[PDB]
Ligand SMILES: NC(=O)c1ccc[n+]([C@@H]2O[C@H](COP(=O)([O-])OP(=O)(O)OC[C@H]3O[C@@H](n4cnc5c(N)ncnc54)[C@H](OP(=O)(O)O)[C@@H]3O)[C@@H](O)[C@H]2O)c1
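Only one chain is given next, in structure tokens, and it is the form solved without the ligand.
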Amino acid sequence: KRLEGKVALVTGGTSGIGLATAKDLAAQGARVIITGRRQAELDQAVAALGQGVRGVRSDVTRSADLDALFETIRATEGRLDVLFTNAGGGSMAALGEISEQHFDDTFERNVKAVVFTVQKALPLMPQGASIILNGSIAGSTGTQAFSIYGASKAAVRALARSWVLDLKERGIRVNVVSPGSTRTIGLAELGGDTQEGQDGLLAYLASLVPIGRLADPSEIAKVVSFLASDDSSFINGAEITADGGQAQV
């Protein structure tokens, strides 16, 4: 349909929003490449998705893994139309308890990997290709024990505005999807390892949403597909936020 004939790569495709985005992009008819750190899970994701989804095992923090993955696309498909940098990390640390490792790992995966994934992608990307970055409402709001996560997402959003000018001659457009609270394994885990703890956190976050329900990952994926499509041609550097109104009110 809309994405017919388009090659799309999603880093952090194995689970959650990346998995749902890969599903939705394939349904629209894109060839989808997804990246996972661990081979067994990546294979399970590729099998479940089907529909011409291809898995490459990679760590976005490792510079060499990025070169290999982009080499596979160039060998297999010959171009990259859509890039969604979904690979991300999050942990709770309040000020006064923040370790050097908690900062570095967060910024390495959430911010540093995004820059180098995008830089390496560009030679493959044609004029009119579309890039989507994984922002969060955490980038614009304040949450206790989430300062490092939110600052990394805010840094991600800003990258888009300056990159608009850098990519201008290329003709590639970069935009940001910022999800509100979305039902995913990662969100549930924050509630703890006990099922009753996961339910409690999920219920509390749902109350915070104005409409009162956590997002389904498919609802986030549709935003990326719209951004991936030619319909988004005039959009550049913009932030599209699906929060149920949480960040808007």
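The numbering used is simple: start at 1 and walk along the sequence shown.
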| property | result |
| --- | --- |
| Of 89 to 97 and 146 to 154, the one with larger mean CA B-factor | 89 to 97 |
| Highest-ranked of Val115, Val177, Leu167, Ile131 once sorted by CA temperature factor in the record | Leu167 |
| From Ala47, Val56, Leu202, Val223, residue of greatest CA B-factor | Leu202 |
| B-factor third for the C-alpha atom of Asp24 within its chain | middle |
| Ranked C-alpha temperature factor of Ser207 among modelled chain residues, by third | highest |
| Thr182 - which third its CA temperature factor falls in, relative to the rest of the chain | lowest |
| Chain-relative CA temperature factor third for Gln51 | highest |
| Among modelled residues of the same chain, the CA temperature factor third for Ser218 | middle |
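Keep in mind that the form solved in complex with the ligand is not shown, yet the notes after this line are about it.
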{"property": "Triple contact flag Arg157, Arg173 and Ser229 to the ligand in the bound PDB entry, non-hydrogen atom at 4.5 angstroms", "result": "no"}
{"property": "Touches the ligand in the bound PDB entry: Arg37 (any heavy atom, 4.5 Å)", "result": "yes"}
{"property": "Any non-hydrogen atom of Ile17 within 4.5 angstroms of the ligand in the bound PDB entry", "result": "yes"}
{"property": "Exercise: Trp163 in contact with the ligand in the bound PDB entry, heavy atom 4.5 Å", "result": "no"}
{"property": "Residue contact check: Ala121 to the ligand in the bound PDB entry, 4.5 Å heavy atom", "result": "no"}
{"property": "Stretch from 140 to 148, 123 to 131, 82 to 90, 163 to 171 whose residues place a heavy atom within 4.5 Å of the ligand in the bound PDB entry", "result": "82 to 90"}
{"property": "Interface residues of 59 to 80 toward the ligand, as seen in the bound PDB entry [heavy atoms, 4.5 Å]", "result": "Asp59, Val60, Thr61"}
